[PDB]
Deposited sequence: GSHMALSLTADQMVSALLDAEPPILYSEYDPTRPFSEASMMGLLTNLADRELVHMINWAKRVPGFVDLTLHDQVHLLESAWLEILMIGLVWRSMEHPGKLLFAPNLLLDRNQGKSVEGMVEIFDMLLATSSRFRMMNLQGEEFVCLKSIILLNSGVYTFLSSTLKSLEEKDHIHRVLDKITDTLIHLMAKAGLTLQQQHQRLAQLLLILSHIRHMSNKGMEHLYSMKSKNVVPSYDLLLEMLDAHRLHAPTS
């Protein structure tokens, strides 16, 4: 059977997202650091396509719409994944369990330190808020559906986004927060998403100064040929 996105209960949504989670990858072991970080990003992207196809409502969109969303969100998704992993490592970014880099290691590449500092600050914010795994998967799905939303069909994305918000609220209510604390926590998290967008924009600026629609269209389509 197949659950349509808008029929999922909060528990079914959490179960589907937890099941969709990509694995934690290892680094293949200043030019060497950039090479290792690009290779890791390339490998995470293959898993990100598999994950996006399992995000409720994503497959309901046309292939062209799926590509637009992934093209706009891929760096924000890699970054939220990085900051989540790095939570328990103050002052460091856990790119991989065998690639834990300090702030000073980022200074070896020009313009990279400002991005590393913003990522560290986001990781510190999630740590202080005690972000839960179930909340993290909801936020990452929201980035996917929201980042390219304003760039019937549009109503469907917004209704799926409402379902994910209901899921975040349900998690917070079960965790013991009052209705007021639920709204404050949801707002805090969504405001952090605007900083994640900021980081991706600064990241993309750096990339273009030295992962296209075409590459993503081919990878999203090639997924149909993978074994079940």
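Gaps in the coordinates relative to the deposited sequence fall at 30 to 36, 159 to 167, 227 to 232, 251 to 252.
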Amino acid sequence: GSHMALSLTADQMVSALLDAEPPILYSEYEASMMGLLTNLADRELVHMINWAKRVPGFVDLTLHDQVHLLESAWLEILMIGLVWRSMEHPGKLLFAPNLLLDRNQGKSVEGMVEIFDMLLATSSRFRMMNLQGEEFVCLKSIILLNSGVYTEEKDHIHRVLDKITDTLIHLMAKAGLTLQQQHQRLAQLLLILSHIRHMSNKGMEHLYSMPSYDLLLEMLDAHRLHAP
From here on, numbers count along this sequence of modelled residues.
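Looking at 126 to 134 and 100 to 108 together, the entry lists the larger mean B-factor for 100 to 108, computed on C-alpha atoms. Stretches 111 to 119 and 135 to 143 differ in mean CA B factor, with 111 to 119 having the higher one. Placement of the Cα temperature factor of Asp166 within the chain: lowest third of the modelled residues, per the deposited record. Annotation for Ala175: C-alpha temperature factor in the highest third relative to the rest of the modelled chain, per the entry. Ranked by C-alpha B-factor against the other modelled residues of its chain, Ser86 falls in the middle third. In the deposited entry, the Cα temperature factor of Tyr150 places it in the highest third of its chain's modelled residues.
When the modelled residues of the chain are ordered by C-alpha B-factor, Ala31 sits in the highest third.
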